[PDB]
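Here is the structure we will look at.
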Amino acid sequence: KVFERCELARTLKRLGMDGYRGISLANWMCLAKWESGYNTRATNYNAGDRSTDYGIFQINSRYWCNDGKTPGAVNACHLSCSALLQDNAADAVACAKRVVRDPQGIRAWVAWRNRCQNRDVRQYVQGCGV
């Protein structure tokens, strides 16, 4: 599913992402925007290390979800990577919450540092009613 901006904003707020571990809703929106373009079925294979990024937040199979073909991988979210490809964002959100519970927080995603950190991210939630 490809979410529309405000639809996603409202969805994420209902799932309790606003202020989760000190991370504002607009930061999560900026992350989803750059990682997948708000697309839940987005997948990206990393030929260099044999891992794959899954879903709206592009969560990596080496540390967070299990896809069975990633070498030396763990499954910290205790989820099949398939769960991160559903239209229903509940599991992807639960797993994204797990990722930021680690010391790096939102910085775990390099795209956030490149395109969101220290920037005016208000535009991602403006006019959505959240």
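Numbering starts at 1 and runs along the sequence shown. All values below were derived from every heavy atom in this structure, side-chain atoms included, with hydrogens, water molecules and symmetry-related copies excluded.
Checked against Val99 for a side-chain contact (heavy atoms from CB on, under 4.5 Å), the options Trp64, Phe57, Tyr63 give a single hit: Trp64. With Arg62 as reference, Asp49 is the one residue of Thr70, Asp49, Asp53 to meet the side-chain hydrogen bond (donor to acceptor under 3.5 Å, both in side chains) rule.
Not a single side-chain hydrogen bond (donor to acceptor under 3.5 Å, both in side chains) links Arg5 to another residue, sequence neighbours left out.
Annotation for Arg21 and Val100: closest pair NE-O, 4.0 Å, computed over non-hydrogen atoms. Minimum heavy-atom separation, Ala92 to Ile56: CB-CG2, 4.4 Å. Closest of all the heavy-atom pairs between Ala9 and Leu25 is O-CD2, 3.7 Å. Nearest approach of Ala42 to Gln58, heavy atoms of both residues: O-NE2, 2.9 Å.
By the 4.5 Å heavy-atom criterion applied to side chains, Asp18 and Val130 are not counted as neighbours. With a 4.5 Å cut-off on side-chain heavy atoms, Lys13 and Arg10 do not count as touching. Looking at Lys1 and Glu7, their side chains come closer than 4.5 Å, going by heavy atoms from C-beta outward. Looking only at side-chain heavy atoms (C-beta outward), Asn60 and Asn46 come within less than 4.5 Å of each other. The shortest side-chain heavy-atom distance between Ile59 and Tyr54 does not fall under the 4.5 Å cut-off.
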*Step by step, work out the disulfide (SG to SG under 2.5 Å) result for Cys6 and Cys128.*
CA-CA 5 Å; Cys6 295; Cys128 301; 2.0 Å; yes
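Counting only distance, with no hydrogens or angles, the side chain of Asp67 and the backbone of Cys81 share no donor-acceptor pair below 3.5 Å. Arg107 contributes no side-chain N or O that, together with a main-chain N or O of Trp112, makes up a donor-acceptor pair within less than 3.5 Å. Distance alone, capped at 3.5 Å, places no donor-acceptor pair between the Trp28 side chain and the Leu12 backbone.
A donor-acceptor contact closer than 3.5 angstrom links the side chains of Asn27 and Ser24.
Residue-environment remark: NZ (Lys97) exceeds the threshold of 12 foreign heavy atoms within 6.0 Å.
Screening residues 76-85 for side-chain hydrogen bond (donor to acceptor under 3.5 Å, both in side chains) gives no qualifying pairs among residues at least two apart or on separate chains.
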